[PDB]
Structures are given as C-alpha cells and as structure tokens.
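Structure, as structure tokens:
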Amino acid sequence: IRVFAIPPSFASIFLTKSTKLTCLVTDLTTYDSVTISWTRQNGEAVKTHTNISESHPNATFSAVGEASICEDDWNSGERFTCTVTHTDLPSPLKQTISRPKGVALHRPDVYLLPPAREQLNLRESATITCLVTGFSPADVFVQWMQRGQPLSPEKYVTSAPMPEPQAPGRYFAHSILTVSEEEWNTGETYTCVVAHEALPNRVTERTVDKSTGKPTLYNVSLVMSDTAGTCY
Amino acid sequence: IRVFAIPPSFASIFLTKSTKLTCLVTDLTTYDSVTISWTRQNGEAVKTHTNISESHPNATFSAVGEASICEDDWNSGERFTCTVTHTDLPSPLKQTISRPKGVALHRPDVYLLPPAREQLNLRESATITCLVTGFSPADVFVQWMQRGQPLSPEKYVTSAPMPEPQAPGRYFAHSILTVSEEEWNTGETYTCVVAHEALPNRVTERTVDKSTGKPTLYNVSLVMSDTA
Amino acid sequence: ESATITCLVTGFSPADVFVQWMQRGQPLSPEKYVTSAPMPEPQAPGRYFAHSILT
Amino acid sequence: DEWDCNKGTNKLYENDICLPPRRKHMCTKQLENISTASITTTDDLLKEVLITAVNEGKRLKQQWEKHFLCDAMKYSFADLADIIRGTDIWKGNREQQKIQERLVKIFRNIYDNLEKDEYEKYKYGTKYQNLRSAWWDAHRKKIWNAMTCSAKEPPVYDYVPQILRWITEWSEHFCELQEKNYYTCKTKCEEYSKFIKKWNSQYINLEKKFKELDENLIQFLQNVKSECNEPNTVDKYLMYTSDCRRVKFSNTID
Amino acid sequence: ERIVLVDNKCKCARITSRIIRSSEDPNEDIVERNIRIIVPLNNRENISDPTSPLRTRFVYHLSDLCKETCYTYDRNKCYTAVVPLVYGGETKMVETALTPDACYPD
Ligand SMILES: *[C@@H]1O[C@H](CO)[C@@H](O[C@@H]2O[C@H](CO)[C@@H](O)[C@H](O)[C@H]2NC(C)=O)[C@H](O)[C@H]1NC(C)=O
Ligand SMILES: *[C@@H]1O[C@H](CO)[C@@H](O)[C@H](O)[C@H]1NC(C)=O
Ligand SMILES: *[C@@H]1O[C@H](CO)[C@@H](O)[C@H](O)[C@H]1NC(C)=O
C-alpha cells in the first residue's frame, strides 16, 4: 500500500484556476466504500469522490477528492488534513497538507545553456539544459516550446528540486531536451518558460539558437552613414 | 526478528577502497547469544565479525562484516552466506547476496558544459554542469578535482539516475558546482571524474576552462560615409 | 604524409607508468604507439620521465 | 610612504582597498627563487622559510635605521603568515603569482608522501590550503623565533583577516604622520591643504564596503560583534591611541 | 562643457559637441563632434519578439537621428510578449517579462 498526498499545484491555480487537491492511496484492494472526510478544524467535507479511478492494471484501488478553498485561507496556513474512510483499513491514517507561514519566496533566475561542442561533432542527437537557480521551495512547472509551438512533454525530463549547495534556503532544478542534430544545425531557436511566484507575471522566458549557441562567427556589418549631417 | 542484508555498490567500493558487507537485523532488541557470521559458499569461514557494532537501542543490530581480501570474488558473482542464530529460533536464519548478472554495460558519455553568458554578466556565481549520460547500469560516482585534489562533497550536488525516455536500458544524471566569478575569470581548470562499471579503465576525466568557449572570427566592415 | 603526436610524461619517481592511447573511447591498437622506457631526469635527482609517440 | 590605492594591479577584485607600503618591496626572493626539483620534504621547506623570516627581520631593521619596530615587524609576520597560508589578496602582482604557483608543487609532494591516518583527514580540500594551514600552525612557533633574532610569545594577529589588519596599519601610520606634521604660519599653511587632499577620499571609499556585517571573514566579524560592546562601529577602537571618527581628521587647519 | 545633440536611447547614439580653445593665441578653435555607439551583437531584429533572427547590419542614417525599428533596450520602458501555456487539452496565454530585472514593482 502506497499512500501519498499532493498539495495544490502552483501551475493549477495560475492556469486552471480550480484549486484541485487530493491525497491518494494506491496498490491496495478495491472496495468502493471510500469517502475521504476532510478536516478544516471541522468534520464536514464539501465534496465526495467523483471521477474516481478504480481501474488499474493490477486491479488496485485509487481515491480522488476535490474541493475549493480560498487562496488567502491557504496563505494563512490552516492544517487541512484528509481522513480515509476505507473499510479495509481498520485505523484511518491521518495525512495533513498545509504550507507553513513564512516560507521563503524568490524569483527563478533561469539561464539556458547551449549544447556541448563535442556532442554535435559526434553527429547524433544533441541535448540542451534549462537551468533554474535560486527559486522558492515551492514546486515549479516548466515546459518547452519551439517558435511558439508547445512541444509535447514526452521527450523532456525535469528534475525534482534539491537544496542549493551554497545557499541552504534556495533551491535549483534542471530540464533537458533531446533533439536531432540536423534540427539544431538548421538554427531553429528554442524557448524555456518558468512558472513560479515572486515575478511581475510569474512567467519568464529565455531563448537561444545556433547563432547564439556559443558561436565562432561575429558577422558584424557596422555601416554608419551621413556622419557629418546637420544638428542643433 | 527480521534481518536485512544489502550489498555494496560501485560508489561505496570506489570511495572506501574496500568491500564492506552488511547483515543487519531489524525489530530485534538487545538479547544474549546473538550469532552473525559471513561464510564462503564452499563452506569455510572467510571472515569473522571482528569489532562487532553496538546494538542500536531502537531494536536494530548492524552486524557488518568486511570481505576486503576478495575484491574480485564479489565481482565474480559468487554467493555469500550470513548465519543468524539465536536461542529462541530453532532453525538458523540465512541471508544470501550476490552480484546480479545479465544487465547491459553501455558506456557513459560525459559532456561538461561551461556557464552561460547571462549568468557571467550578473557577476554573482557561475555553475558548471556535468551531464553524465548513457550508462546502462544505474550506479555512478562523480567527484570534482581542482589542481589534483578532490573538492569537498559540500560544494557539489549529485542527482539520482533518472530514466531516459528515448532508450529503455540507458539512463542519465547531472551535477553542478558553484564556482566564484573571480576564480573562473582567473581561468582555472575543473575536472569531472566519472566512475562506472562499463568504462574499460573504470574512470574518465574532462576539463573546462575560460578558454574552452571563445569565438574565432571578428569580421567587421566599417562603412563610414558622408553622402547617403 | 604523417603526423607524430607526442605524450611527455615526466616527474615520476616509482619508475613504472602505463601509457595508452584512446580514440573516441575505443583503445587504439598497440601496433601504433611506441613507448620509451623510463630514463632519469637530467636536472632532477631521483625522478624519471618517458615519452610516447603516435603516427 | 604612498599606499597606491587606485585599482591598477594592486588588487584584482573590483572593491577598493588601499595596500600598505610594507606589503610592497618585500624580500620574498628566497621563496620566489625556489627549486621544486631539489625540495620534496617538510624539513627542507622549514629551513628556507626560516631564512626568509631572517631576511625580512634584517630588512625591517635596516629600513628603520635609515616599539614601532615591534609593531611593524608584528604585522610583517602576519603578512608572511598570510603569504604562506595562501589566502593573500595581492594576486595582481606578476611576481606573487609565481610563488603561489610553485608552493603548490611542494605541498602536493608533501600530501603525496603522507601516511594513512592523516591521508583520510587531509584528502578533501581545495588548492591544498587545509594542510597548508595545518603545516603553518604546526611550525608557527619556530618561524617567529628565527624572525626575532634581529634586535617570548607567539603573535596573534596572524589569525586576524587581512583587511582589518590593513585598517590597523592605516590607523597607526596616519596617527604617526599627523604627529609628524606639526609639533610665519603662512609658509606652512598651504602644504596642510595639500596634505588633506592627498588622503581626503582615502577614508570614504572603504567605508562603503564595511556593510554586510570571503567565507571565513564573516564568522570573525560575527564573533567580535558579540563582544567589545560595539558591534557596528566604523572605528574599531584597537590601538588608535588618538581621537577618531572625523573629529580632527578633516579641516583642522582653520 | 558639451551638449548632447542626439540621445536616442533605443539606438544608444550619444552625439555631443564641445569647444576646445587654443591657449594664448588667436582663434584656431577645432570643433568636437563626438559620437558614441554601443552595438548589441546578440539582439534580434524584433527588440521584443524573441523568435526573430539576429540583426547584423547597424544602419545609422544620422539625418533621421538628428531630426520604426530599433535595436537597444531602454531600462524604464518595460517590454512584453505573450506565450501559450498548456496544462493539458486546454491552453491559456499569459504575458511574460522580457526584462524582469527592472520590471518588478519598486
Ligand atoms: C516585430 O516587430 C513588429 C513591429 O516592427 C512588432 O509587431 C507589433 O509590436 C507591438 C509592440 O508592442 C505589439 O503590441 C503587436 O502585438 C505586434 N504585432 C503583432 C501582430 O503581434 C513585433 O514586435 C514583431 N512582430 C510580430 C508579428 O510579433
Ligand atoms: C558575412 O557578412 C557578409 C557581408 O555582410 C555576407 O555577404 C556573408 O554572407 C556573411 N556570412 C555569414 C556566414 O554570415
Ligand atoms: C566576414 O565578413 C566579410 C565581410 O565583412 C565576409 O566577406 C566574409 O564572408 C565573412 N566571413 C565568413 C566566414 O562568412
């Protein structure tokens, strides 16, 4: 039996605006007699399970709950917890989700690193990283789009945030894209977007291309004309 | 009552320069006449548990033993026996560990990446990343050396091997290190040693420097004129 | 026609070194490189050196 | 008696600090002209450091005869301590880069020829400065004894970070030279106006970096803040032996 | 002693003019028409839209500057672009900060 609880995502509030949140139990027998009571310092639960995913490859069970709680109430930090009402479980386990007050908040300094010279020379698929440095401990959602076309998340992998070696407070992350050598050879630009707090609109974008992927040619044609002119 | 035995990995062997074995007992408090011994599959007692570890108060016994003499025999995959015997248990409890076989041994291909220009312009701190990738077994130990000395494990951070989507058997990883802007503008060298089973020499080094990334040509065409 | 890349080991006392040439991670055949035996340094008391060339 | 506080090549890092004249024109040629081939052991390295200390002592003795000598020699010992320890600031000098490039050979050989019960303790570090400091602290007592031959207890300013010590030489030098300044008046008056303006902006530029109260620098500042009852002061109150904080420094002529 | 005749901050031109006078002699004054230009070398044709190629040519017809499209940012004026974000089947477009170093509230 694997039990996990997911707080609402920072990219779910910003994009979907519906504060979905639940605690999940998986790899256990299905009984279809579960309604997870939620505690707001009170016993009432606003909503029961809907669109619950009972179907599993191993015929195991899962639980899905949803609610709507004010954003300022979450900012206050009340100890919302979920109580399982599974008939199989004799003792209902207590799982509490609440972000503490006073957590650090800072903006992600996103730098994009061009691929290595050696990998392109070897004539196979390149790899491009999207470094995210110093962002707040909240989980961040990042995706990759090329020339404004949102790519599928199937071929890039993101790393869970880890404590920064230099700063005990801040965090960092990574994300890599594998693309064909001829695509990067043609010079198509690629963009990385971050979605985290402490920003004017909570979204930052950076991009490079072959002509800006640590190049060797600076083809400048500085062509100043009409130098004398007339002015006052 | 339950006994858990885990074998050492490549990182432990490389860092400790010796083979250490654990035959650890869980949920068992302090009693008398507790016997732990690691013996050869052939039958002989290759090594005893000299300097036995003190029992943890919370029902945990370490009972670790060193097969330091037989470095290659562990790599051969020969099975090891742990003998756990107590007065209450009639049948002695046995723990068996061995090297797995059948896995692939694709080689890593490390590519060390210099810091970005935007980070350098802010003049705060550069972060050099070491994108180890391609290894088929999921065991990699990465250290950083500056002028022939391993850097402290506080300054760098290694991420766990993450599965690679393009190929099932292969994996990848990465690590970062926070170099000061002054010490990188000075133009020093940093090395990313990777330790893996599949490497024929079992170690590989790479080097980066301020001179690693520079443009070649600066063709400028100043076309000053007076009449449009 | 040909090129002769050298590999100047130096400064080592215990007189035993192993020199091997790898191209793209695959070791080169031993028929290409020719390793010189350790010979003492002129200006150093007890530290040797050696060479290695590749065609 | 000039400090040459402009950037130039005095200090690589962009913050302005005024180098003392005692750092400039030192007899560092003994360590500068070392032969890493002929030296590979701790015992041979100690003798040359003792020789360099003796040369520094006789250099200061000859310089003064062209308590104050004791103070200058004290800070010179601290400076040589910083040079040996490898945490010095004067990286810009082309001569002083070679010394910190060829002591690495000596201490790498020493670290190579070590035994196991110390190898595991000194395995991890950067540029071998951990066992460099260990070697200094092991052989610190003998060096000052060889230095003090010209004209006891081991000095304590060598653990002090260099920037604050540089402030201390500045305080001593400025009080000494203002005592030297004075002891009709129209002839003398115009030089004092030039005396102020040659060092007028010398005080203000460092004060802007006294904020944020290096890795090891901050811990000493935090600890001294807990004591002495004066955590945040632009004046350290260490060996000032005169009035401070702009009281008689500026426009005292009128 | 100089007056900035043209200070186009999106082209970075800083044309000044000074009168340096010869000493203790009649007037052979020489007129400084100083010019200072700081080229990007990495900015694109679109100063804001980042999917454009680089700009190499740096045409400065100073007749127009003395009395469209330009290549140098300005610090006070904030720039903006809109990108599509996908959480799944649906999408939402949210504008970004191309120069967030000086665009967050202060
Ligand atoms: C490239 O430059 C053109 C103008 O030279 C720009 O087009 C408009 O720019 C304004 C500036 O704020 C935007 O508000 C408009 O939305 C842009 N037009 C369109 C159709 O988006 C723009 O910077 C670039 N062109 C495009 C098509 O993005
Ligand atoms: C370099 O610039 C010249 C003149 O502007 C142009 O003719 C040439 O095609 C350019 N080459 C490259 C590789 O950009
Ligand atoms: C560099 O620029 C010149 C014109 O200034 C151009 O003729 C030349 O082709 C450029 N170099 C390359 C490699 O394209």
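The count begins at 1 with the first shown residue.
Technique stated in the header: electron microscopy, 3.6 Å.
Here the Cβ of each residue, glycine as well, is placed from N, Cα and C on the backbone.
Per Swiss-Prot, the feature disulfide bond maps to A:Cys23-A:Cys82, A:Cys130-A:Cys192. What Swiss-Prot lists as domain 'Ig-like 3' is A:8-98, and the listing cites sequence analysis. What Swiss-Prot lists as domain 'Ig-like 4' is A:108-209, and the listing cites sequence analysis. The N-linked glycosylation site annotation in Swiss-Prot covers A:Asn51, A:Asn58 and rests on experimental evidence.
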Of A:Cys82, A:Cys130, A:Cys192, which is closest to A:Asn51 (N-linked glycosylation site) if I measure between C-alpha atoms? They're all disulfide-bonded residues. A:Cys82
In whole Å, how far is A:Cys23 (disulfide bond) from A:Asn58 (N-linked glycosylation site) when you measure between their Cα atoms? 20
Run through the Cβ atoms and count how many others sit within 10 Å of the one on A:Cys192 (disulfide bond). 24
Cβ-Cβ under 8 Å from A:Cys130 (disulfide bond), same chain, 6 or more residues apart: which ones? A:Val110, A:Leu112, A:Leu113, A:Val142, A:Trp144, A:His174, A:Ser175, A:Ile176, A:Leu177, A:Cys192
Taking DSSP helix as H, G and I and strand as E and B, the domain 'Ig-like 4' (A:108-209) has 11 helix, 44 strand, 47 coil
Through the lens of DSSP with three states only, how would you label A:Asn58 (N-linked glycosylation site)? coil
Looking at the recorded positions A:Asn51, A:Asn58, A:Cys82, A:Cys130, A:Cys192, which have a C-beta within less than 6 Å of some atom in ligand 3? none
